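# Geometric and topological summary
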Amino acid sequence: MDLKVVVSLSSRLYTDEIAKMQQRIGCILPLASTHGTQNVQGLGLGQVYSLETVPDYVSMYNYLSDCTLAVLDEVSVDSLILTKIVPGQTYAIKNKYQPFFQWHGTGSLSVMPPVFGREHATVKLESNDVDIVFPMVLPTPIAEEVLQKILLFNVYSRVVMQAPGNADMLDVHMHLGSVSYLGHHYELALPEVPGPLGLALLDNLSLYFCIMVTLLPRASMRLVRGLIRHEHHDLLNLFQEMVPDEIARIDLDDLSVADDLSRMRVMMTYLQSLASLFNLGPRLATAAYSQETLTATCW
Amino acid sequence: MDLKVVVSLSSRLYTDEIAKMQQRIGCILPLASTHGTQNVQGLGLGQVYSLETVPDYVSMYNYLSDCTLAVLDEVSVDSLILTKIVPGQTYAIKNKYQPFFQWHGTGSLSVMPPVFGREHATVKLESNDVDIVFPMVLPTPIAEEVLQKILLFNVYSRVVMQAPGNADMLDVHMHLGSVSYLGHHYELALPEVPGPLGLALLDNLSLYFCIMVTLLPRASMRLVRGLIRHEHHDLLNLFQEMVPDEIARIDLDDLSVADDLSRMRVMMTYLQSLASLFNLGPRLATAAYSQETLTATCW
Amino acid sequence: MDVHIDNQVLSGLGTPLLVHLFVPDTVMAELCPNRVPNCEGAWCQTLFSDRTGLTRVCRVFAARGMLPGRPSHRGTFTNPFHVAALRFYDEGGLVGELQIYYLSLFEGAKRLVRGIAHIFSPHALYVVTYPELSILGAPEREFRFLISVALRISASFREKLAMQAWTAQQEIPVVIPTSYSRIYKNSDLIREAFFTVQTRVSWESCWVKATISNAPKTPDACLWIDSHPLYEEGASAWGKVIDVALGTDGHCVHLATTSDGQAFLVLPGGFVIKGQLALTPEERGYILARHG
Amino acid sequence: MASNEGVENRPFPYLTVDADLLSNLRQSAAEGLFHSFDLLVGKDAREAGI
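Residues numbered from 1 in each chain as written, not as in the entry; some residues may be left out. Chains lettered and ligands numbered in written order. Part of a larger assembly, values for the part shown. Heavy atoms only, no water.

Per the PDB record, the structure was determined using cryo-EM to 4.0 Å resolution.

Right under this line is the structure:
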């Protein structure tokens, strides 16, 4: 019910880094194991993310969700005082990310690996030959958008192999490259080569997709095939007057409510399971916020 | 420790208005602010639900996911008293919503916007020229059934409106009017028309679900074709037998690469947004229930 | 035989009819010497005995396996006159094109797996048949195509020598031993260099890749070199990229092509001769259909 | 400029001065009149430890 964790440093502070660490007060980082005394290298995210190593971000998500998360509380010349995240406790939080994102009230926050920039969220302590890597806390919308972009890139990279360069320039860096915000645009770091352990999510995705596409309903296809041709809609701006003929080929047979209903039941049941393969991030609920202090109360 | 909120009204109520809260003492309410007394208007759902305009389901789901829940506790000529809903704390519930219903121990309650008439569930306070709207509470399985069935009926009504050739209103009503659970039978109302567009429930779960289910086969074929390697999961190989031949003969060279990316990303966003809707958002359990008292001990 | 049911769901996408196959390891040893790479990337192509061609069906991504017969070692699993082409590769840059002639796939499907003769390489190829379901011109086109293109480059080099009053200079600062007094017969240098330049032909030569450039910006700063040994002391290497050492090491004839149409003949001793590259729209288009 | 660059938080014995400073405080703090200013909300407005 009361948890205070001290991490001891063998070497000294080396004040060159302490100022940057001190304006870095009150922010999250995941620690290795829950004990009163910790090792210095297990403290940051520096273990999972080596400088020479190519980033595979689903592995970073897997490491990040497993480890306990801690609130930085105070840096001392030889000490790191951090209270941790008890699952049933409420505490304040204050954040400053160099990719700076503005929060709303009662908006759930997701914890993610620092996909944007290594120099940004990582502080090198070469005195111990270590590097403290802070994780990224974002509002849930932008979090799921960025994760989806990451997985779609991990697919289309395997796809765009041996295709015209017009595939190489466009899909690889038009939508999978940048993430927008209100009058703002942030680039992403992209894995030069497709990463293993990322598609391990995609295999399960393909499984669910096979099972779901075995049980798709019929009437919805008829409604859409009618509405694209007879009427105009903004959601139907995507489809032009021409229809993908796949829908025409599946559509051929008549309707029956008794068939649609059991398909709908099993489709609903297979839709509750996707939330496990889509979250991959510990979520924090907002209770109150002040832009004048940038200090919210997450939960 | 305390979580009570006392709202003070500006104008003194009429005698007729008092009676219905005393009827609806046991009901949940939304609450915009967890702080002080606070302007009256925040409490009801009349902000999200528009008596002026036909409101979508999206606003109601997104609001009830994030906003605070409260219980009516006591009512006086000016004063209204509410008790905040906090996780991990036990409360008492009455079924003062209208749609008469059964309760069961270990029942999984979920809070969702009233699909029925709000005027059937709301009260209008003419002293303060305001409206208090009460959100719907339903056990999890039957709520799944209700949403699934009403969306199926909407799709069927829009289809019979579009192309009168395949149109069975009587069997549609016969299959979707009845709800049978635990040996109990409930007949729910079905609207007369889907309308030209957007009659307060139609657009969201019809259009999003329809476009997602139209895009899922093409996206799944693209993903499965891209995903085959040596190290991939074995069950993928087996389920590749499951898919239909017409979905198997679908061409990937037809659609442009940029259009392929657009469809993939849009369908993934739609499916990810639709999955959590069917988890039914605000969840809770129960310890026991007493019928003749109408009292559910919830937590 | 799992990749065969893996294909046929979406196999109808690219091509109307296909033939299942299996390739021995000694047969692959022509493509990928000094290596035994997996073939997960390996993407097929198609080829017709006329000007018309269609490619890029990308038939099968197939793992290695032993054959159903016990005495089948460890081979790689996967008009009667044409040169059907296949292209194997992996995640890396190890790519190889193999030829197949009909009368081996049509007659090879005789009767559920059977060996057939391979005309291009003197070894057997195994064909599996699912039980429930102008002869010399066709191989001679690519050869004379590339030969005439290289001869055009050679004629350009000769005219550029004519422009310089039949003399040469250096453009790569490598100090020669200065002992060249007809040692190595300084004329024999260019005789044997032109020997190897005009004799050697490969679909993956430097100018092949240099003709087909993805961008305007990068390939201007990019050079495509290939150096081959003097007097056939070894094998040749084609298509190295320059994001010099090759002028230093003797007994290596160096050929460097730009994206702009410049060719450069480097001799041992750093001397450079310039030539021009010219391809009509038809040959450019044929090479774009092949390589791209 | 930045909020906390040279602001020391340590608990000094402050002098109680008569003149009134509160006028136009939050506006001049938001627009940025004076550099190296620090705002502390009610949870963090106490005498710091030693």
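Moving on from the model shown.
This part covers the overall build of chain A. The helix and strand inventory of chain A stands at ten helices and 15 strands. Seen through its C-alpha atoms, chain A measures out along the principal axes to roughly 75 × 45 × 35 Å. Going through the 299 residues of chain A one by one, you find that 50% of them count as buried. For chain A, the share of sequence-separated contacts (at least 6 apart) that also reach a separation of at least 24 residues comes to 71%. Surface summary for chain A: the accessible area is close to 14700 Å², and the carbon and sulfur share equals 53%. (Helix = DSSP H or I, 4+ residues; strand = E, 2+ residues; numbered from the N terminus. Buried < 20%, exposed > 50% of the residue type's maximum accessible area, 1.4 Å probe, protein only. Contact = heavy atoms within 4.5 Å. Areas by Shrake-Rupley, 256 points an atom, 1.4 Å probe, with all protein chains shown as cover.)

Interfaces are often sized by the accessible area lost when the parts come together. Of the residues lining the interface, 58 residues belong to chain A; the matching set on chain B comes to 61 residues. The junction of chain A with chain B conceals about 6500 Å² of combined surface from both sides, 75% of it contributed by carbon and sulfur atoms. At the boundary of chain A with chain B, the tally comes to two salt bridges. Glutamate 246 of chain A serves as the salt-bridge partner of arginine 218 of chain B, at 4.0 Å between the closest nitrogen and oxygen. For the pair chain A and chain B, the number of links is twelve residue pairs in polar contact. (Buried area = accessible area lost by both parts, 1.4 Å probe. Salt bridge = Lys/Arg side-chain N within 4 Å of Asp/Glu carboxyl O. Polar contact = N/O pair within 3.5 Å; in protein donor to acceptor, adjacent residues only side chain to side chain.)

Now for the packing of aromatic side chains. Counted under the stated rule, the structure contains 14 aromatic pairs over all chains. Ring centres of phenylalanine 101 of chain A and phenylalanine 116 of chain A lie 6.1 Å apart, and the angle between their planes is 75 degrees; on these two criteria the pair is classed as edge-to-face. Of this pair, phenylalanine 101 of chain A sits in the loop between β6 (93-94) and β7 (109-112) while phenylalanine 116 of chain A sits in the loop between β7 and α3 (118-121), and the two are 15 residues apart along the sequence. Take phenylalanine 101 of chain A: its relative accessible area is 4%, and that puts it in the buried class. Members of the aromatic cluster, connected to one another through ring pairs, are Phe101, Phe116, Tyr181 and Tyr186 of chain A. In this structure, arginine 263 of chain B is placed above the aromatic ring of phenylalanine 239 of chain A, and the distance from its NZ or CZ to the ring centre is 4.7 Å. Note that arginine 158 of chain C overlies the ring of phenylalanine 194 of chain C, its terminal NZ or CZ placed 5.9 Å from the centroid. (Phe/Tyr/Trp six-rings, centres within 6.5 Å; stacked < 30°, edge-to-face > 60°. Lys NZ or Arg CZ within 6 Å of the ring centre and 35° of its normal.)

With that out of the way, let us pick up the nonpolar core. Counting 187 residues, the largest nonpolar core has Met21, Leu80, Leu202 and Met267 of chain A together with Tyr57, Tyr156 and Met267 of chain B as its most contacted members. Looking at this core, the element that brings in the most residues is helix α6 (residues 203-227) of chain B, giving 13 residues. The residues contacting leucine 202 of chain A, other than those within four sequence positions of it, are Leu151 and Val155 of chain A together with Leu223 and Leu227 of chain B. Within the second largest apolar cluster, 27 residues are counted, among which are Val149, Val208, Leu255 and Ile287 of chain C. (Core = buried A, V, L, I, M, F, W, Y, C linked by side-chain atoms within 4.5 Å.)

The pair of protein chains exhibiting the most contacts, out of four pairs of chains in contact, is chains A and B. Taking C-alpha atoms as the reference, chain B and chain D come no closer than 16 Å and do not contact one another. Regarding chain C and chain D, the two do not touch, and the least distance separating their C-alpha atoms is 42 Å.

The subject of this paragraph is the environment of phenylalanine 48 of chain C. Within the secondary structure layout, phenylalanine 48 of chain C lies in the loop between β2 (43-44) and β3 (76-77). Each C-alpha atom of the pair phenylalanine 48 of chain C and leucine 17 of chain C lies 14 Å from the other, and the pair is 31 residues apart in sequence.

Now for the pairing of strand β4 (residues 79-84) of chain B. On a regular strand, one side chain projects to one face of the sheet and the next to the other, so that they alternate. Residue and element names in this part refer to chain B. Most of β4 is tucked away: five of the six residues are buried. Judged from the five bridges that link them, strand β1 (residues 4-8) and β4 form a sheet pairing that is antiparallel. Looking at β4, one finds that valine 5 is bridged to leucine 82. Summarising the sheet, strand β3 (residues 68-75) and β4 pair through five bridges and their orientation is antiparallel. Looking across to β4, one finds that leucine 72 is bridged to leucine 82. (Pairing = 2+ DSSP bridges.)

This paragraph deals with the interface of chain C and chain A. Facing five residues of chain C, the contacting portion of chain A comprises four residues. Summing both sides of the interface, chain C and chain A together bury roughly 460 Å²; the carbon and sulfur share of this comes to 39%. Our enumeration of links across chain C and chain A arrives at two salt bridges. Of the charged contacts in the structure, one is a salt bridge between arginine 158 of chain A and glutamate 40 of chain C, with a shortest N-O distance of 3.6 Å. The interface formed by chain C and chain A includes three residue pairs in polar contact. Taken together, the residues of the side of chain C that touches chain A sort by class into two nonpolar, one polar and two charged. (Nonpolar A, V, L, I, M, F, W, Y, C, P; charged D, E, K, R; others polar.)

A separate point is the pairing of strand β6 (residues 113-117) of chain C. Residues and elements named next belong to chain C. Direction of pairing for β6 relative to strand β7 (residues 124-128): antiparallel, over a ladder of five bridges. When the sheet's bridge partners are listed, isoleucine 116 is paired in β7 with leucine 125. Between the antiparallel neighbours β6 and β7 lie six residues.

What follows is about the pattern of salt bridges. Following the criterion strictly, the structure yields 22 salt bridges over all chains and no others. Put simply, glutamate 283 of chain C and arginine 152 of chain C hold a salt bridge, and the shortest N to O gap is 2.8 Å. Residue class for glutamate 283 of chain C comes out buried when judged on its relative accessible area of 13%. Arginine 152 of chain C gets classed as partly exposed once you look at its relative accessible area, which sits at 35%. Look at the salt bridges and you will find they share partners, linking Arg158 of chain A together with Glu40 and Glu91 of chain C into a network.

Next up on the list: unusual backbone geometry. Phi angles above zero are rare outside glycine, and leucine 182 of chain B is one such case at about 65 degrees. Mapping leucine 182 of chain B onto the fold places it in the loop between β10 (178-181) and β11 (184-187). Looking at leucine 182 of chain B, the relative accessible area reads 49%, which means it is partly exposed. Here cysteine 58 of chain C, not a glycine, exhibits a phi torsion of approximately 60 degrees, which is positive. For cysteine 58 of chain C, the position within the fold is in the loop between β2 and β3.

As a further point, take the packing of helix α3 (residues 137-163) of chain C against helix α8 (residues 281-291) of chain C. Residue and element names in this part refer to chain C. Where α3 contacts α8, the two axes come as close as 12 Å, and the packing angle between them is 125 degrees. Between α3 and α8, the angle falls in the class oblique. The crossing of α3 and α8 is left-handed. Mapping the contact onto sequence places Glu142, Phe145 and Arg152 in α3 and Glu283, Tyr286, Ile287 and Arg290 in α8. Split into classes, the residues belonging to the contact of α3 with α8 amount to three nonpolar, no polar and four charged. (Axes fitted to C-alpha atoms, helices over the stretch in contact; angles between N-to-C directions. Parallel < 35°, antiparallel > 145°, perpendicular 65-115°, else oblique. Left-handed = near helix turned anticlockwise from the far one by under 90°.)

The next point concerns a nonpolar patch on the surface. A cluster of nonpolar side chains, namely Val54, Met161, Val193 and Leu199 of chain B, defines an oily patch on the protein surface of about 310 Å² accessible area. Considering the arrangement of structural elements, one finds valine 54 of chain B in the loop between β2 (28-31) and α2 (57-66). (Patch = residues over 30% accessible without salt bridge, like charges linked within 9 Å, V, L, I, M, F, W, Y side chains within 5 Å.)

With that settled, the discussion passes to the sheet that holds strand β5 (residues 96-101) of chain C. Strand pairing in a sheet relies on backbone hydrogen bonds. The paired strands run either parallel or antiparallel. The strand order β2-β4-β5 (chain C) describes an open sheet built from three strands, whose pairing is antiparallel. Two strands close off the open sheet at either side, each with one partner strand: β2 and β5 of chain C.

Turning next to the side chain of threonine 76 of chain C. Relative to the elements of secondary structure, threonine 76 of chain C occurs in strand β3. In this view, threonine 76 of chain C contacts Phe22, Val23, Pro24, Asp25, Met28, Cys39 and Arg64 of chain C; residues no more than four positions away in its chain are not counted.

On to helix α2 (residues 57-66) of chain A, then. Among the residues of α2 of chain A, those classed as buried are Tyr57, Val58, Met60, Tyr61, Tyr63 and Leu64 of chain A. Those residues of α2 of chain A that are buried are in contact with β7 and α4 (140-159) of chain A.

What follows is about the sheet that holds strand β13 (residues 283-284) of chain A. All names here are of chain A. Spatial ordering of the open sheet is given by β10-β7-β13, a layout of three strands whose pairing is antiparallel. Since the sheet does not close on itself, it has two edges, and those belong to β10 (136-139) and β13, each with one partner. As defined by bridge partners, β7 adjoins β10 across four bridges and the pair is classed as antiparallel. The residue of β10 that forms the bridge with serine 110 is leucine 138. Along the sheet face, α4 touches β7 and β10 and points at about 110 degrees away from the line of β10.

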